[PDB]
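Read the single chain below, which is given as structure tokens and is the form deposited without its partner chain.
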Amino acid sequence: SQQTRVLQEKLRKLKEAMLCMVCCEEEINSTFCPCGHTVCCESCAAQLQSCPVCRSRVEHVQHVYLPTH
């Protein structure tokens, strides 16, 4: 039905929100500290000196173990 198409789109958007904002390919699993933005995979997060959301300096990256991982 049309609701099948609507639910497929909601699922796709939720799954896309869980992917790295930079590479768009790998799951988010890293937090920029101290700001707390958690938007990248470990490979993209290792290469950024500044947070791509708020531009605060990245002091270090904390790996996050999330229930969806």
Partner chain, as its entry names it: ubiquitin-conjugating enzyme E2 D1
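Positions refer to the first chain, counted from 1. Only residues modelled in both forms are compared. By rigid core we mean the largest C-alpha set that fits within 1.5 Å across both forms.
This next part talks about the form solved in complex with its partner chain, which is not shown.
- Although the partner is absent here, residue 12 is a contact residue: one of its heavy atoms lies within 4.5 angstroms of its partner chain in the bound PDB entry.
- Residue 58 falls outside the set of residues with a heavy atom inside 4.5 Å of its partner chain in the bound PDB entry.
- Regions where at least three consecutive shared residues each shift by 2 Å or more at the C-alpha between this form and the one not shown, after core superposition, reduce to one span, 66 to 69.
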